[PDB]
file work_8.txt (compact mmCIF, C-alpha atoms)
# COMPACT_ATOMS: atom_id res chain seq x y z
CA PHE A 45 36.74 33.51 26.80
CA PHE A 46 38.27 30.39 25.24
CA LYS A 47 38.05 29.11 21.66
CA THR A 48 36.45 25.89 22.84
CA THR A 49 35.84 23.40 20.05
CA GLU A 50 33.48 20.41 20.28
CA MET A 51 35.43 17.15 20.39
CA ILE A 52 33.25 14.21 19.37
CA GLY A 53 35.61 11.24 19.08
CA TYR A 54 38.76 9.77 17.58
CA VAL A 55 39.82 8.46 14.19
CA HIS A 56 39.53 4.67 14.06
CA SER A 57 40.28 3.57 10.49
CA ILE A 58 41.52 5.12 7.25
CA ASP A 59 40.93 3.64 3.78
CA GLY A 60 42.35 5.95 1.13
CA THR A 61 40.31 9.15 0.90
CA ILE A 62 37.70 8.15 3.51
CA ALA A 63 37.81 7.47 7.23
CA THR A 64 35.80 6.21 10.18
CA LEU A 65 35.41 7.76 13.62
CA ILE A 66 34.64 6.24 17.02
CA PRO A 67 32.86 8.61 19.43
CA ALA A 68 34.28 9.04 22.89
CA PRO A 69 31.81 7.97 25.60
CA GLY A 70 29.57 10.76 26.85
CA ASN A 71 30.12 13.41 24.18
CA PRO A 72 27.69 15.73 22.38
CA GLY A 73 27.78 13.86 19.08
CA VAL A 74 27.99 15.11 15.51
CA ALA A 75 25.23 16.00 13.07
CA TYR A 76 24.68 14.48 9.65
CA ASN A 77 26.27 16.05 6.57
CA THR A 78 28.29 18.47 8.71
CA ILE A 79 31.93 19.48 8.51
CA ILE A 80 34.47 18.18 11.02
CA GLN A 81 38.12 18.97 11.68
CA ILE A 82 40.66 16.21 12.30
CA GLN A 83 43.47 17.58 14.47
CA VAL A 84 46.52 16.41 12.56
CA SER A 85 48.58 18.73 14.77
CA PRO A 86 47.91 21.09 17.70
CA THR A 87 47.56 23.85 15.08
CA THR A 88 46.67 22.00 11.84
CA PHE A 89 43.36 20.42 10.89
CA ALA A 90 42.08 18.32 7.99
CA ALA A 91 38.55 18.83 6.70
CA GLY A 92 36.00 16.05 6.56
CA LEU A 93 32.32 15.63 5.80
CA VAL A 94 29.91 13.39 7.69
CA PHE A 95 28.33 10.79 5.42
CA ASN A 96 27.10 7.96 7.66
CA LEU A 97 25.80 7.60 11.22
CA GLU A 98 25.80 3.93 12.21
CA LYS A 99 24.02 2.15 15.04
CA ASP A 100 27.36 1.34 16.67
CA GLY A 101 28.05 5.07 16.92
CA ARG A 102 30.77 4.95 14.29
CA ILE A 103 30.83 7.84 11.83
CA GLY A 104 31.73 7.77 8.14
CA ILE A 105 33.93 10.66 7.04
CA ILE A 106 34.82 11.89 3.57
CA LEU A 107 38.24 13.54 3.74
CA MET A 108 38.82 16.72 1.75
CA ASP A 109 42.36 17.95 2.47
CA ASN A 110 45.59 17.05 4.26
CA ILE A 111 44.77 13.37 3.86
CA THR A 112 48.41 12.30 4.14
CA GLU A 113 48.52 13.90 7.60
CA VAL A 114 45.59 11.86 8.93
CA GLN A 115 46.47 8.97 11.23
CA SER A 116 44.44 6.62 13.39
CA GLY A 117 43.94 7.82 16.96
CA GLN A 118 43.82 11.54 16.17
CA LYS A 119 41.22 13.80 17.74
CA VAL A 120 38.18 15.11 15.88
CA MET A 121 36.31 18.37 16.52
CA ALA A 122 32.78 19.08 15.31
CA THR A 123 31.94 22.53 13.97
CA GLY A 124 28.24 21.66 14.02
CA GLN A 125 27.52 23.56 10.80
CA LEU A 126 27.03 22.65 7.16
CA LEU A 127 29.48 23.62 4.43
CA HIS A 128 29.67 27.35 3.69
CA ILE A 129 32.04 28.90 1.16
CA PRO A 130 33.00 32.49 0.26
CA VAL A 131 30.79 34.10 -2.38
CA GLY A 132 30.79 37.52 -3.98
CA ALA A 133 32.21 39.71 -6.70
CA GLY A 134 35.60 39.51 -4.96
CA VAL A 135 36.13 35.94 -6.15
CA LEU A 136 35.89 36.65 -9.89
CA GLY A 137 39.07 36.12 -11.85
CA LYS A 138 40.37 33.55 -9.37
CA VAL A 139 40.93 29.81 -9.17
CA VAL A 140 39.43 28.16 -6.09
CA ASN A 141 38.76 24.75 -4.60
CA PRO A 142 35.32 23.45 -3.62
CA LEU A 143 36.17 24.52 -0.06
CA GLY A 144 36.79 28.10 -1.19
CA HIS A 145 40.57 27.99 -0.80
CA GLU A 146 42.28 29.96 -3.56
CA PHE B 46 55.96 -35.73 3.85
CA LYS B 47 57.35 -35.35 7.37
CA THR B 48 54.87 -34.18 10.01
CA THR B 49 55.93 -32.03 12.96
CA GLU B 50 52.93 -31.29 15.19
CA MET B 51 49.17 -30.93 15.17
CA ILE B 52 48.01 -27.44 14.24
CA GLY B 53 44.25 -27.83 14.55
CA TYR B 54 41.19 -29.72 13.43
CA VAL B 55 39.07 -29.70 10.29
CA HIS B 56 35.95 -27.57 10.75
CA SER B 57 34.17 -27.00 7.42
CA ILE B 58 34.39 -28.60 3.98
CA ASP B 59 32.93 -26.81 0.94
CA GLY B 60 33.86 -28.95 -2.05
CA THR B 61 37.60 -28.73 -2.63
CA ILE B 62 38.23 -26.06 0.03
CA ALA B 63 38.25 -26.46 3.79
CA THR B 64 38.83 -24.58 7.03
CA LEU B 65 40.81 -25.53 10.12
CA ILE B 66 40.15 -24.38 13.67
CA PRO B 67 43.29 -23.94 15.78
CA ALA B 68 44.59 -26.52 18.21
CA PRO B 69 45.04 -25.58 21.88
CA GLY B 70 47.72 -22.92 22.12
CA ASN B 71 47.52 -22.01 18.42
CA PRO B 72 50.89 -23.46 17.36
CA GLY B 73 50.56 -21.69 14.01
CA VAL B 74 51.09 -22.74 10.41
CA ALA B 75 53.39 -21.17 7.85
CA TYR B 76 51.65 -19.59 4.87
CA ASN B 77 51.57 -21.44 1.54
CA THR B 78 52.86 -24.65 3.12
CA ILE B 79 51.64 -28.24 2.85
CA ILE B 80 49.62 -29.84 5.65
CA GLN B 81 48.58 -33.43 6.28
CA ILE B 82 44.98 -34.07 7.34
CA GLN B 83 44.76 -37.38 9.21
CA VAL B 84 41.85 -38.81 7.26
CA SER B 85 42.89 -42.23 8.59
CA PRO B 86 45.40 -43.15 11.30
CA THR B 87 47.81 -44.31 8.57
CA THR B 88 46.45 -42.15 5.71
CA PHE B 89 47.09 -38.41 5.45
CA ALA B 90 45.50 -36.25 2.77
CA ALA B 91 47.35 -33.27 1.33
CA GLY B 92 46.29 -29.66 1.71
CA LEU B 93 47.76 -26.29 0.79
CA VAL B 94 47.58 -23.36 3.19
CA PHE B 95 46.19 -20.22 1.55
CA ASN B 96 44.77 -18.06 4.36
CA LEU B 97 45.70 -17.35 7.99
CA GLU B 98 42.79 -15.63 9.69
CA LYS B 99 42.97 -13.33 12.70
CA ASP B 100 40.87 -15.66 14.86
CA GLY B 101 43.36 -18.45 14.14
CA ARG B 102 41.39 -20.29 11.46
CA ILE B 103 43.41 -21.60 8.52
CA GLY B 104 42.18 -21.82 4.94
CA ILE B 105 43.09 -25.06 3.19
CA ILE B 106 42.88 -26.18 -0.43
CA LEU B 107 42.50 -29.95 -0.54
CA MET B 108 44.56 -31.82 -3.13
CA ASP B 109 43.66 -35.51 -2.83
CA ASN B 110 41.28 -37.72 -0.85
CA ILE B 111 38.81 -34.85 -0.63
CA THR B 112 35.94 -37.28 -0.08
CA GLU B 113 37.80 -38.96 2.79
CA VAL B 114 38.25 -35.62 4.56
CA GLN B 115 35.74 -35.10 7.36
CA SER B 116 35.22 -32.41 9.97
CA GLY B 117 36.94 -33.11 13.28
CA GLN B 118 39.99 -34.84 11.84
CA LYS B 119 43.38 -33.73 13.11
CA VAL B 120 45.80 -31.77 10.94
CA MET B 121 49.60 -31.93 11.14
CA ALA B 122 52.04 -29.39 9.71
CA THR B 123 55.08 -30.25 7.62
CA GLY B 124 56.51 -26.76 8.05
CA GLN B 125 57.83 -26.66 4.48
CA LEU B 126 56.60 -25.71 1.04
CA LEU B 127 55.75 -28.33 -1.57
CA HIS B 128 58.79 -30.22 -2.85
CA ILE B 129 58.63 -32.92 -5.51
CA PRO B 130 61.11 -35.53 -6.81
CA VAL B 131 63.17 -34.37 -9.78
CA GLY B 132 65.97 -35.89 -11.81
CA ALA B 133 66.68 -38.75 -14.17
CA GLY B 134 64.90 -41.20 -11.86
CA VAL B 135 61.52 -39.78 -12.91
CA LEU B 136 61.94 -39.99 -16.69
CA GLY B 137 59.63 -42.45 -18.38
CA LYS B 138 57.11 -42.28 -15.53
CA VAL B 139 53.60 -40.94 -15.01
CA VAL B 140 53.14 -38.80 -11.90
CA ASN B 141 50.66 -36.42 -10.32
CA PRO B 142 51.29 -32.81 -9.23
CA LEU B 143 52.11 -34.03 -5.70
CA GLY B 144 54.92 -36.21 -7.07
CA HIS B 145 53.14 -39.52 -6.51
CA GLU B 146 53.71 -42.13 -9.20
CA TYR C 18 32.20 -22.70 35.40
CA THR C 19 29.64 -22.16 38.18
CA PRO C 20 28.35 -18.59 38.01
CA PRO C 21 26.56 -17.21 41.07
CA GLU C 22 22.78 -17.16 41.16
CA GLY C 23 22.55 -13.37 41.13
CA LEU C 24 24.56 -13.00 37.93
CA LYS C 25 22.62 -15.86 36.33
CA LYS C 26 19.31 -14.13 37.08
CA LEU C 27 20.56 -10.78 35.76
CA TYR C 28 22.04 -12.30 32.60
CA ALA C 29 18.62 -13.63 31.57
CA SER C 30 16.84 -10.31 32.11
CA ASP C 31 16.38 -7.47 29.61
CA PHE C 32 18.85 -5.34 31.54
CA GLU C 33 19.90 -3.69 28.27
CA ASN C 34 16.67 -1.66 28.34
CA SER C 35 17.02 -0.53 31.96
CA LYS C 36 17.80 3.03 33.00
CA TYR C 37 21.43 4.12 33.18
CA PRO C 38 23.13 7.38 34.20
CA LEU C 39 23.93 8.18 30.55
CA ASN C 40 22.31 7.27 27.23
CA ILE C 41 25.22 5.76 25.32
CA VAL C 42 24.53 4.34 21.87
CA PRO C 43 24.27 0.52 21.91
CA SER C 44 27.47 -1.31 21.02
CA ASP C 45 29.22 -4.60 21.65
CA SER C 46 31.55 -3.00 24.20
CA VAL C 47 28.60 -1.20 25.81
CA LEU C 48 26.52 -4.31 26.56
CA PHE C 49 29.22 -5.71 28.83
CA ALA C 50 29.69 -2.37 30.58
CA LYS C 51 25.95 -2.10 31.23
CA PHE C 52 25.94 -5.62 32.66
CA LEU C 53 28.81 -4.80 35.00
CA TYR C 54 27.17 -1.54 36.08
CA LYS C 55 23.85 -3.25 36.77
CA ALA C 56 25.52 -6.03 38.77
CA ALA C 57 27.62 -3.58 40.78
CA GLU C 58 24.65 -1.29 41.45
CA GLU C 59 22.82 -4.06 43.30
CA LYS C 60 25.72 -4.43 45.74
CA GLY C 61 26.33 -0.67 45.73
CA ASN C 62 30.11 -0.99 45.33
CA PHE C 63 31.69 0.11 42.05
CA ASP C 64 35.38 0.47 42.97
CA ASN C 65 35.76 -3.32 43.03
CA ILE C 66 35.27 -3.46 39.26
CA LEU C 67 37.84 -0.70 38.75
CA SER C 68 40.36 -2.65 40.81
CA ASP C 69 39.61 -5.74 38.73
CA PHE C 70 40.37 -3.83 35.52
CA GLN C 71 43.60 -2.56 37.06
CA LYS C 72 44.64 -6.13 37.87
CA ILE C 73 43.67 -7.25 34.37
CA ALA C 74 45.75 -4.49 32.79
CA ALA C 75 48.73 -5.35 34.99
CA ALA C 76 48.40 -9.06 34.25
CA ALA C 77 48.02 -8.52 30.50
CA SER C 78 51.38 -6.73 30.41
CA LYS C 79 53.07 -10.08 31.17
CA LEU C 80 50.90 -12.38 29.06
CA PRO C 81 52.26 -13.49 25.67
CA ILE C 82 51.42 -11.60 22.50
CA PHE C 83 47.90 -12.29 21.20
CA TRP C 84 46.76 -13.88 24.45
CA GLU C 85 43.15 -12.87 23.74
CA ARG C 86 42.78 -15.52 21.00
CA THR C 87 44.16 -18.50 22.94
CA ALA C 88 42.73 -17.15 26.19
CA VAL C 89 41.32 -19.36 28.91
CA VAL C 90 40.37 -17.14 31.83
CA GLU C 91 39.59 -20.20 33.95
CA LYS C 92 43.15 -21.50 33.59
CA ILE C 93 44.78 -18.06 33.93
CA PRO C 94 45.79 -17.57 37.59
CA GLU C 95 45.88 -13.77 37.41
CA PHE C 96 42.12 -13.64 36.78
CA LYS C 97 41.39 -16.02 39.67
CA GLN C 98 41.47 -13.07 42.09
CA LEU C 99 38.83 -11.05 40.23
CA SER C 100 35.33 -10.38 41.50
CA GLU C 101 32.46 -12.60 40.39
CA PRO C 102 30.91 -9.95 38.07
CA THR C 103 34.20 -9.23 36.30
CA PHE C 104 35.13 -12.91 36.05
CA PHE C 105 31.69 -13.75 34.64
CA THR C 106 32.03 -10.99 32.05
CA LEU C 107 35.50 -12.16 31.02
CA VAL C 108 34.16 -15.68 30.48
CA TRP C 109 31.28 -14.07 28.60
CA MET C 110 33.74 -12.34 26.26
CA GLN C 111 35.92 -15.43 25.88
CA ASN C 112 32.89 -17.45 24.78
CA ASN C 113 32.20 -14.91 22.02
CA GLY C 114 35.91 -14.32 21.37
CA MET C 115 35.69 -10.60 22.18
CA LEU C 116 38.34 -10.42 24.92
CA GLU C 117 40.05 -7.69 22.87
CA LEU C 118 37.35 -5.26 24.06
CA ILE C 119 38.56 -5.39 27.68
CA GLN C 120 40.24 -1.98 27.47
CA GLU C 121 37.09 -0.37 26.01
CA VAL C 122 34.40 -1.89 28.24
CA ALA C 123 36.40 -0.51 31.16
CA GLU C 124 36.26 2.99 29.68
CA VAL C 125 32.47 2.79 29.39
CA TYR C 126 32.14 1.42 32.93
CA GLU C 127 34.25 4.27 34.31
CA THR C 128 32.07 6.74 32.42
CA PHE C 129 28.93 5.25 33.97
CA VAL C 130 30.48 5.28 37.44
CA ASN C 131 31.61 8.89 37.13
CA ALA C 132 28.17 9.95 35.91
CA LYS C 133 26.49 8.07 38.77
CA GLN C 134 28.91 9.56 41.33
CA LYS C 135 28.64 13.01 39.69
CA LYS C 136 32.30 13.34 38.71
CA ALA C 137 33.52 15.27 35.67
CA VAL C 138 36.89 14.16 34.29
CA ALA C 139 39.04 16.64 32.38
CA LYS C 140 41.63 15.12 30.08
CA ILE C 141 44.91 17.04 30.09
CA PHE C 142 46.86 16.17 26.94
CA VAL C 143 50.57 16.91 27.42
CA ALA C 144 53.79 16.14 25.61
CA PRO C 145 55.73 13.00 26.62
CA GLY C 146 57.63 14.02 29.74
CA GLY C 147 55.97 17.44 29.91
CA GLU C 148 53.37 16.36 32.49
CA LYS C 149 55.51 17.81 35.29
CA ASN C 150 53.82 21.24 35.12
CA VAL C 151 50.02 21.13 35.04
CA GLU C 152 49.30 24.21 37.15
CA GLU C 153 47.86 26.09 34.16
CA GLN D 256 24.77 -12.90 -40.86
CA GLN D 257 27.47 -15.14 -39.37
CA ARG D 258 29.35 -12.18 -37.87
CA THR D 259 26.37 -10.38 -36.33
CA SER D 260 25.02 -13.64 -34.90
CA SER D 261 28.26 -14.31 -33.02
CA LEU D 262 28.23 -10.80 -31.55
CA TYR D 263 24.60 -11.37 -30.54
CA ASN D 264 25.36 -14.71 -28.87
CA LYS D 265 28.49 -13.28 -27.26
CA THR D 266 26.51 -10.30 -25.97
CA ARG D 267 23.80 -12.37 -24.29
CA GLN D 268 26.43 -14.42 -22.47
CA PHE D 269 28.19 -11.29 -21.18
CA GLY D 270 24.91 -9.65 -20.23
CA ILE D 271 23.83 -12.59 -18.08
CA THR D 272 27.20 -12.73 -16.34
CA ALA D 273 27.38 -9.02 -15.52
CA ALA D 274 23.83 -8.73 -14.19
CA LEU D 275 24.39 -11.72 -11.92
CA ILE D 276 27.71 -10.29 -10.73
CA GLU D 277 26.06 -6.99 -9.80
CA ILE D 278 23.42 -8.75 -7.71
CA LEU D 279 25.97 -10.87 -5.85
CA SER D 280 28.11 -7.80 -5.17
CA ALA D 281 25.12 -6.12 -3.53
CA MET D 282 24.36 -9.33 -1.64
CA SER D 283 27.93 -9.46 -0.32
CA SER D 284 27.85 -5.77 0.61
CA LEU D 285 24.68 -6.19 2.68
CA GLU D 286 26.15 -9.33 4.25
CA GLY D 287 29.41 -7.58 5.09
CA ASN D 288 27.73 -4.54 6.62
CA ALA D 289 25.84 -6.93 8.91
CA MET D 290 27.59 -7.76 12.18
CA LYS D 291 26.79 -10.54 14.63
CA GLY D 292 25.90 -9.32 18.12
CA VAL D 293 26.85 -10.73 21.49
CA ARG D 294 25.50 -14.25 21.89
CA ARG D 295 23.06 -14.26 24.82
CA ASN D 296 23.19 -17.93 25.76
CA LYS D 297 24.10 -19.92 28.86
CA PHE D 298 27.73 -20.36 27.85
CA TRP D 299 28.57 -21.89 31.23
CA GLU D 300 25.88 -24.56 30.74
CA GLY D 301 28.03 -26.76 28.54
call {"tool": "encode", "arguments": {"input": "work_8.txt", "output": "structure tokens"}}
result
Amino acid sequence: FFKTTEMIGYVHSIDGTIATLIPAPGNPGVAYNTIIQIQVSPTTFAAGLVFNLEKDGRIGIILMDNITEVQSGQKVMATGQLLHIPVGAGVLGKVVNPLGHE
Amino acid sequence: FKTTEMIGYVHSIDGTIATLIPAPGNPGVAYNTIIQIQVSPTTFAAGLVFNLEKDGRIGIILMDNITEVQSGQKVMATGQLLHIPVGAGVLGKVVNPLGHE
Amino acid sequence: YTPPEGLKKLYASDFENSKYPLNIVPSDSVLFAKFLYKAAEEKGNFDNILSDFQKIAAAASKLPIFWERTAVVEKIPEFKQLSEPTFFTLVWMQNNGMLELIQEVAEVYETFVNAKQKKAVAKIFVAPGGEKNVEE
Amino acid sequence: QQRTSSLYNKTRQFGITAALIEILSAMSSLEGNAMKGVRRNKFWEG
């Protein structure tokens, strides 16, 4: 009865709007082109998209929000799902981001 | 130029550029300084430091006696930037960028 | 350096393709850990390697900054007390100039040992100085 | 004829330079992405 996320590694390097992740030994691993959450704080996360899966195990991440909050050594959780956004007649007349945030 | 201590040995030579591998203990070389490559026991060729690599390898731009430079030769560090003679004692003379007449 | 015969024989084998408790993706820091695990498995003792890493970590705290780039494990007295497998690996890293991976090869080796011994480690992340209470 | 010839001879020089630069950039990218592995040699035997 816990909201258990799926930690897959740590943040190794940051170059502008993209990042690289190093997987912790013996972890489930992340899937290609999936969304991941970088724990910038115990309650705040930054969104990223998986772009590369290298032989070394390192993961290429495209950051989407809260980039300034991302630092090397932070934890990363894997949602394990592709990108889904709100859709419907309830969005008309509104300004939204690609992630669905109004 | 006044030498202070050896700071490594010449490793590679690609035309007018060169690389130095560190001496035991990695004494270190100040960036953008002038170094003296002991091409001969009494002859020292001039180089300019332009890169300090993480491994300890130094990037050098050779200035003179590039042909004399060979891999394995010792390199000494002046510890100072390039300084050249200036004043009225140089007027009427022909010099090179290193200050040699 | 005069490595022992056992390590020499293992170093020339394709130990990288052998079976291990876990299937970790190949990496530079993983090759050394696999070599240590394979060497220790023959003797059956794994805690010796862990003690060696503890000594290395303690010794490194006193070494000068950037000691991994002017490193000579043979001349360093702190590493003279290490086991043959660990000492061989350190020389192996020093030859390739990868002594900076000491703190990561150890993590992999511990993971292999825990998997082999059937131990599950739970990391408890706590605030600095808040580790006093861990009952929950 | 003297103004369109210069722009034609200036264009061929720029075209050669850019195409070559592109190729070398890709060559350097594929060289940079490559990493040297652990050297499996008898280091002690020396």
call {"tool": "closest_residue", "arguments": {"input": "work_8.txt", "among": "B:127, B:68, B:114, B:120", "to": "chain C", "atoms": "only C-alpha atoms"}}
result
B:68
call {"tool": "atom_distance", "arguments": {"input": "work_8.txt", "atom1": "CA of residue 119 in chain C", "atom2": "CA of residue 22 in chain C"}}
result
23.9 Å
call {"tool": "closest_residue", "arguments": {"input": "work_8.txt", "among": "C:54, C:96, C:105, C:84", "to": "chain D", "atoms": "all atoms listed in the file"}}
result
C:105
call {"tool": "interface_residues", "arguments": {"input": "work_8.txt", "of": "chain D", "to": "chain A", "cutoff": "12 Å", "atoms": "all atoms listed in the file", "output": "PyMOL selection string"}}
result
chain D and resi 288-290+292
call {"tool": "closest_residue", "arguments": {"input": "work_8.txt", "among": "A:65, A:90, A:143, A:52", "to": "residue 112 in chain A", "atoms": "all atoms listed in the file"}}
result
A:90
